$ cat my_file21.cif   # mmCIF, C-alpha atoms and all ligand atoms
data_target
loop_
_atom_site.group_PDB
_atom_site.id
_atom_site.type_symbol
_atom_site.label_atom_id
_atom_site.label_comp_id
_atom_site.auth_asym_id
_atom_site.auth_seq_id
_atom_site.Cartn_x
_atom_site.Cartn_y
_atom_site.Cartn_z
ATOM 1 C CA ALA Z 2 71.653 123.780 111.676
ATOM 2 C CA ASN Z 3 68.854 124.516 109.224
ATOM 3 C CA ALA Z 4 69.149 121.293 107.234
ATOM 4 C CA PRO Z 5 67.120 118.329 105.987
ATOM 5 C CA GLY Z 6 66.972 115.237 108.208
ATOM 6 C CA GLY Z 7 64.711 112.477 109.457
ATOM 7 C CA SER Z 8 65.045 108.872 110.591
ATOM 8 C CA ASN Z 9 64.425 107.561 107.095
ATOM 9 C CA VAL Z 10 66.819 109.791 105.209
ATOM 10 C CA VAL Z 11 69.292 107.919 102.997
ATOM 11 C CA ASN Z 12 72.105 108.628 100.551
ATOM 12 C CA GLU Z 13 70.824 106.464 97.674
ATOM 13 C CA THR Z 14 69.630 107.057 94.117
ATOM 14 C CA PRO Z 15 65.908 107.847 94.202
ATOM 15 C CA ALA Z 16 63.582 105.335 92.513
ATOM 16 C CA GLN Z 17 61.041 108.119 92.304
ATOM 17 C CA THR Z 18 60.925 111.920 92.674
ATOM 18 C CA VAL Z 19 57.914 114.030 93.556
ATOM 19 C CA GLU Z 20 57.406 117.791 93.667
ATOM 20 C CA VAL Z 21 55.475 119.645 96.315
ATOM 21 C CA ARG Z 22 54.791 123.378 96.127
ATOM 22 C CA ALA Z 23 53.519 125.908 98.635
ATOM 23 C CA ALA Z 24 50.221 127.672 98.093
ATOM 24 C CA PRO Z 25 51.222 131.109 96.767
ATOM 25 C CA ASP Z 26 48.731 133.090 98.845
ATOM 26 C CA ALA Z 27 48.090 130.889 101.837
ATOM 27 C CA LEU Z 28 49.685 128.997 104.623
ATOM 28 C CA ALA Z 29 49.197 125.674 102.892
ATOM 29 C CA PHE Z 30 50.733 123.130 100.614
ATOM 30 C CA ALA Z 31 49.448 123.273 97.066
ATOM 31 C CA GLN Z 32 49.189 119.454 97.213
ATOM 32 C CA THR Z 33 47.269 118.085 100.217
ATOM 33 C CA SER Z 34 47.689 114.450 99.278
ATOM 34 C CA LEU Z 35 50.598 112.340 98.137
ATOM 35 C CA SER Z 36 50.889 108.687 97.190
ATOM 36 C CA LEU Z 37 54.122 106.644 97.149
ATOM 37 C CA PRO Z 38 55.129 102.952 97.223
ATOM 38 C CA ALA Z 39 56.422 101.568 100.523
ATOM 39 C CA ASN Z 40 60.089 100.966 101.324
ATOM 40 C CA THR Z 41 61.119 102.914 98.218
ATOM 41 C CA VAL Z 42 63.899 105.539 97.911
ATOM 42 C CA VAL Z 43 62.229 108.828 97.026
ATOM 43 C CA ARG Z 44 63.373 112.388 96.536
ATOM 44 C CA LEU Z 45 60.885 114.968 97.539
ATOM 45 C CA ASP Z 46 61.434 118.408 96.011
ATOM 46 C CA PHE Z 47 59.734 121.210 97.987
ATOM 47 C CA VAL Z 48 59.447 124.443 95.978
ATOM 48 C CA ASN Z 49 58.552 127.439 98.171
ATOM 49 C CA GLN Z 50 57.406 130.211 95.856
ATOM 50 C CA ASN Z 51 54.812 132.407 97.574
ATOM 51 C CA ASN Z 52 53.513 135.937 97.659
ATOM 52 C CA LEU Z 53 53.581 136.304 101.449
ATOM 53 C CA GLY Z 54 57.351 136.377 101.917
ATOM 54 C CA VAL Z 55 56.951 133.480 104.315
ATOM 55 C CA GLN Z 56 59.182 130.519 105.210
ATOM 56 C CA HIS Z 57 57.972 126.896 104.871
ATOM 57 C CA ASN Z 58 59.345 123.352 105.109
ATOM 58 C CA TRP Z 59 57.967 119.846 104.447
ATOM 59 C CA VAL Z 60 58.030 117.336 107.240
ATOM 60 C CA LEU Z 61 56.771 113.742 107.006
ATOM 61 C CA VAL Z 62 55.700 112.292 110.369
ATOM 62 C CA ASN Z 63 55.372 108.684 111.578
ATOM 63 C CA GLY Z 64 51.675 108.879 112.403
ATOM 64 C CA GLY Z 65 48.795 111.347 112.570
ATOM 65 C CA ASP Z 66 47.660 114.612 114.131
ATOM 66 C CA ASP Z 67 48.806 113.540 117.559
ATOM 67 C CA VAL Z 68 52.261 112.533 116.389
ATOM 68 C CA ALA Z 69 52.300 115.677 114.216
ATOM 69 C CA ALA Z 70 51.812 117.834 117.314
ATOM 70 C CA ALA Z 71 54.765 116.304 119.110
ATOM 71 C CA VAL Z 72 57.060 116.809 116.156
ATOM 72 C CA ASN Z 73 55.705 120.309 115.573
ATOM 73 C CA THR Z 74 56.198 121.164 119.230
ATOM 74 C CA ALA Z 75 59.755 119.864 119.178
ATOM 75 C CA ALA Z 76 60.248 122.073 116.156
ATOM 76 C CA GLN Z 77 58.634 125.067 117.847
ATOM 77 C CA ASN Z 78 61.466 124.982 120.391
ATOM 78 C CA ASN Z 79 64.198 125.073 117.792
ATOM 79 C CA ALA Z 80 64.436 128.661 116.610
ATOM 80 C CA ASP Z 81 68.202 128.450 116.212
ATOM 81 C CA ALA Z 82 67.722 126.154 113.242
ATOM 82 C CA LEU Z 83 64.783 128.055 111.732
ATOM 83 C CA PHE Z 84 62.263 125.725 113.309
ATOM 84 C CA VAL Z 85 63.037 122.437 111.570
ATOM 85 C CA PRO Z 86 62.638 119.293 113.680
ATOM 86 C CA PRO Z 87 65.753 118.833 115.779
ATOM 87 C CA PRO Z 88 67.891 115.874 114.703
ATOM 88 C CA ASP Z 89 66.733 112.570 116.204
ATOM 89 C CA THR Z 90 63.294 113.996 116.817
ATOM 90 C CA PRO Z 91 61.040 110.997 117.533
ATOM 91 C CA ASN Z 92 58.627 110.006 114.792
ATOM 92 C CA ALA Z 93 59.949 112.545 112.284
ATOM 93 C CA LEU Z 94 60.576 110.438 109.175
ATOM 94 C CA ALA Z 95 61.968 113.041 106.779
ATOM 95 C CA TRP Z 96 62.182 116.807 106.415
ATOM 96 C CA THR Z 97 63.452 119.502 104.093
ATOM 97 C CA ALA Z 98 65.306 122.511 105.432
ATOM 98 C CA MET Z 99 63.311 125.577 106.283
ATOM 99 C CA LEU Z 100 63.034 127.579 103.094
ATOM 100 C CA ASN Z 101 62.662 131.305 102.516
ATOM 101 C CA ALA Z 102 60.130 132.454 99.966
ATOM 102 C CA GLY Z 103 61.776 131.884 96.588
ATOM 103 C CA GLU Z 104 63.823 128.889 97.832
ATOM 104 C CA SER Z 105 63.672 125.168 97.021
ATOM 105 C CA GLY Z 106 65.002 122.228 99.004
ATOM 106 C CA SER Z 107 64.806 118.460 98.890
ATOM 107 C CA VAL Z 108 65.011 115.447 101.160
ATOM 108 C CA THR Z 109 65.830 111.919 99.992
ATOM 109 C CA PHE Z 110 64.424 109.136 102.147
ATOM 110 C CA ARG Z 111 63.102 105.585 102.209
ATOM 111 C CA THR Z 112 59.339 105.554 102.516
ATOM 112 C CA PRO Z 113 58.026 103.736 105.617
ATOM 113 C CA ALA Z 114 55.863 100.557 105.651
ATOM 114 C CA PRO Z 115 52.438 100.907 103.952
ATOM 115 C CA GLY Z 116 50.057 103.101 105.937
ATOM 116 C CA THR Z 117 48.828 106.696 106.276
ATOM 117 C CA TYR Z 118 51.076 109.551 107.270
ATOM 118 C CA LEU Z 119 50.720 113.280 107.734
ATOM 119 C CA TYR Z 120 53.213 115.692 106.297
ATOM 120 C CA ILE Z 121 53.261 119.151 107.792
ATOM 121 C CA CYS Z 122 55.167 122.436 107.910
ATOM 122 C CA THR Z 123 56.724 123.068 111.294
ATOM 123 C CA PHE Z 124 57.346 126.792 110.893
ATOM 124 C CA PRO Z 125 55.579 128.370 113.946
ATOM 125 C CA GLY Z 126 51.794 128.490 113.559
ATOM 126 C CA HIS Z 127 51.568 126.874 110.076
ATOM 127 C CA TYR Z 128 50.547 123.417 111.133
ATOM 128 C CA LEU Z 129 47.830 124.870 113.472
ATOM 129 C CA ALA Z 130 46.820 127.066 110.591
ATOM 130 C CA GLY Z 131 46.245 123.887 108.627
ATOM 131 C CA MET Z 132 49.411 123.517 106.551
ATOM 132 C CA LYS Z 133 49.434 119.770 106.228
ATOM 133 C CA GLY Z 134 48.581 116.967 103.872
ATOM 134 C CA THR Z 135 48.329 113.206 103.836
ATOM 135 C CA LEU Z 136 50.847 110.717 102.469
ATOM 136 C CA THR Z 137 49.460 107.261 101.574
ATOM 137 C CA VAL Z 138 52.143 104.595 101.368
ATOM 138 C CA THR Z 139 51.078 101.558 99.341
ATOM 139 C CA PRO Z 140 52.499 98.036 99.108
HETATM 140 CL CL CL M 201 53.760 132.976 109.476
HETATM 141 CU CU CU M 202 54.852 126.758 106.337
#

$ encode --input "my_file21.cif" --output "structure tokens"
Amino acid sequence: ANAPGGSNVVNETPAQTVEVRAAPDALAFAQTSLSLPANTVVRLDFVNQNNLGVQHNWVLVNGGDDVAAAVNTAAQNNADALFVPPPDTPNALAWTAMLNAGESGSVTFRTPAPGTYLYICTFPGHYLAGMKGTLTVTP
């Protein structure tokens, strides 16, 4: 049940790939901002190498802090799948699986219309702790 997902996930060749890494000594993403073209197939590679032994995932949400909380809350109630957003979670565009320290996982999805979007980690307490970043989708 611990698997990638999201409304925008697709099985197509990526036009672009981008790597995101976890901060090694903090509950954060090493990259707090991303930039991608709209309605483009992209493969996001999340590399979770950290010195805390902690799990992390990468979750792109259809909106901001308020939408992020709903997704994160839906995730909080999904321990059986290692706290990834449940499938068909509203406003969850794309997510990687929940990764142990030392693990790497990807998600391939079509970027949404141009706009600003938060990406967060839904493992319990990380989002509140500030593990998030902003995705800007251009024309
Ligand atoms: Cl933790
Ligand atoms: Cu995390």

$ residues_around --input "my_file21.cif" --residues "residue 42 (chain Z)" --least-positions-apart "6" --cutoff "10 Å" --atoms "all atoms listed in the file" --output "JSON, numbers by chain"
{"Z": [9, 10, 11, 12, 13, 14, 15, 16, 17, 18, 109, 110, 111, 112, 113]}

$ residues_near_ligand --input "my_file21.cif" --ligand "ligand CL 201 (chain M)" --cutoff "9 Å" --atoms "all atoms listed in the file" --output "ChimeraX atom specification"
/Z:28,53,55-57,124-127

$ resolve_selection --input "my_file21.cif" --expression "the PyMOL selection byres (((not hetatm)) within 12 of (chain M and resi 202))" --output "number ranges by chain"
Z: 22-31, 47-51, 53-60, 73, 83-85, 97-102, 120-134

$ write_last_selection --input "my_file21.cif" --atoms "C-alpha atoms" --output "JSON list (two decimals), in the frame of the given file"
[["chain", "number", "residue", "atom", "x", "y", "z"],
["Z", 22, "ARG", "CA", 54.79, 123.38, 96.13],
["Z", 23, "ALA", "CA", 53.52, 125.91, 98.64],
["Z", 24, "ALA", "CA", 50.22, 127.67, 98.09],
["Z", 25, "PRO", "CA", 51.22, 131.11, 96.77],
["Z", 26, "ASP", "CA", 48.73, 133.09, 98.84],
["Z", 27, "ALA", "CA", 48.09, 130.89, 101.84],
["Z", 28, "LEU", "CA", 49.68, 129.00, 104.62],
["Z", 29, "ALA", "CA", 49.20, 125.67, 102.89],
["Z", 30, "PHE", "CA", 50.73, 123.13, 100.61],
["Z", 31, "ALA", "CA", 49.45, 123.27, 97.07],
["Z", 47, "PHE", "CA", 59.73, 121.21, 97.99],
["Z", 48, "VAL", "CA", 59.45, 124.44, 95.98],
["Z", 49, "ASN", "CA", 58.55, 127.44, 98.17],
["Z", 50, "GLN", "CA", 57.41, 130.21, 95.86],
["Z", 51, "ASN", "CA", 54.81, 132.41, 97.57],
["Z", 53, "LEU", "CA", 53.58, 136.30, 101.45],
["Z", 54, "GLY", "CA", 57.35, 136.38, 101.92],
["Z", 55, "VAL", "CA", 56.95, 133.48, 104.32],
["Z", 56, "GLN", "CA", 59.18, 130.52, 105.21],
["Z", 57, "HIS", "CA", 57.97, 126.90, 104.87],
["Z", 58, "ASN", "CA", 59.34, 123.35, 105.11],
["Z", 59, "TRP", "CA", 57.97, 119.85, 104.45],
["Z", 60, "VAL", "CA", 58.03, 117.34, 107.24],
["Z", 73, "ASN", "CA", 55.70, 120.31, 115.57],
["Z", 83, "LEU", "CA", 64.78, 128.06, 111.73],
["Z", 84, "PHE", "CA", 62.26, 125.72, 113.31],
["Z", 85, "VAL", "CA", 63.04, 122.44, 111.57],
["Z", 97, "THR", "CA", 63.45, 119.50, 104.09],
["Z", 98, "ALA", "CA", 65.31, 122.51, 105.43],
["Z", 99, "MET", "CA", 63.31, 125.58, 106.28],
["Z", 100, "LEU", "CA", 63.03, 127.58, 103.09],
["Z", 101, "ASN", "CA", 62.66, 131.30, 102.52],
["Z", 102, "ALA", "CA", 60.13, 132.45, 99.97],
["Z", 120, "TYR", "CA", 53.21, 115.69, 106.30],
["Z", 121, "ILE", "CA", 53.26, 119.15, 107.79],
["Z", 122, "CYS", "CA", 55.17, 122.44, 107.91],
["Z", 123, "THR", "CA", 56.72, 123.07, 111.29],
["Z", 124, "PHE", "CA", 57.35, 126.79, 110.89],
["Z", 125, "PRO", "CA", 55.58, 128.37, 113.95],
["Z", 126, "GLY", "CA", 51.79, 128.49, 113.56],
["Z", 127, "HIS", "CA", 51.57, 126.87, 110.08],
["Z", 128, "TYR", "CA", 50.55, 123.42, 111.13],
["Z", 129, "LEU", "CA", 47.83, 124.87, 113.47],
["Z", 130, "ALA", "CA", 46.82, 127.07, 110.59],
["Z", 131, "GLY", "CA", 46.24, 123.89, 108.63],
["Z", 132, "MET", "CA", 49.41, 123.52, 106.55],
["Z", 133, "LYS", "CA", 49.43, 119.77, 106.23],
["Z", 134, "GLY", "CA", 48.58, 116.97, 103.87]]

$ resolve_selection --input "my_file21.cif" --expression "the PyMOL selection byres (((chain Z and resi 135) around 10) and not hetatm)" --output "list in words"
residues 32, 33, 34, 35, 36, 61, 62, 65, 117, 118, 119, 120, 121, 133, 134, 136, 137 and 138 of chain Z

$ residues_around --input "my_file21.cif" --residues "residue 115 (chain Z)" --least-positions-apart "6" --cutoff "7 Å" --atoms "all atoms listed in the file" --output "VMD selection string"
chain Z and resid 39 138 to 140

$ residues_around --input "my_file21.cif" --residues "residue 87 (chain Z)" --least-positions-apart "5" --cutoff "7 Å" --atoms "all atoms listed in the file" --output "list in words"
residues 75, 76 and 79 of chain Z

$ residues_near_point --input "my_file21.cif" --point "(64.2, 116.3, 103.3)" --cutoff "7 Å" --atoms "all atoms listed in the file" --output "PDB file with C-alpha atoms, keeping the file's coordinate frame"
ATOM      1  CA  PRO Z   5      67.120 118.329 105.987  1.00  0.00           C
ATOM      2  CA  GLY Z   6      66.972 115.237 108.208  1.00  0.00           C
ATOM      3  CA  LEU Z  45      60.885 114.968  97.539  1.00  0.00           C
ATOM      4  CA  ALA Z  95      61.968 113.041 106.779  1.00  0.00           C
ATOM      5  CA  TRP Z  96      62.182 116.807 106.415  1.00  0.00           C
ATOM      6  CA  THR Z  97      63.452 119.502 104.093  1.00  0.00           C
ATOM      7  CA  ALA Z  98      65.306 122.511 105.432  1.00  0.00           C
ATOM      8  CA  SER Z 107      64.806 118.460  98.890  1.00  0.00           C
ATOM      9  CA  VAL Z 108      65.011 115.447 101.160  1.00  0.00           C
ATOM     10  CA  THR Z 109      65.830 111.919  99.992  1.00  0.00           C
TER      11      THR Z 109
END

$ atom_distance --input "my_file21.cif" --atom1 "CA of residue 114 (chain Z)" --atom2 "CA of residue 74 (chain Z)"
24.7 Å

$ resolve_selection --input "my_file21.cif" --expression "the PyMOL selection byres (((chain Z and resi 91) around 10) and not hetatm)" --output "PyMOL selection string"
chain Z and resi 7-8+62-63+68+71-72+75+86-90+92-94

$ atom_distance --input "my_file21.cif" --atom1 "CA of residue 3 (chain Z)" --atom2 "CA of residue 44 (chain Z)"
18.4 Å

$ atom_distance --input "my_file21.cif" --atom1 "CA of residue 40 (chain Z)" --atom2 "CA of residue 20 (chain Z)"
18.7 Å

$ closest_residue --input "my_file21.cif" --among "Z:116, Z:104, Z:19, Z:77" --to "residue 46 (chain Z)" --atoms "only C-alpha atoms"
Z:19
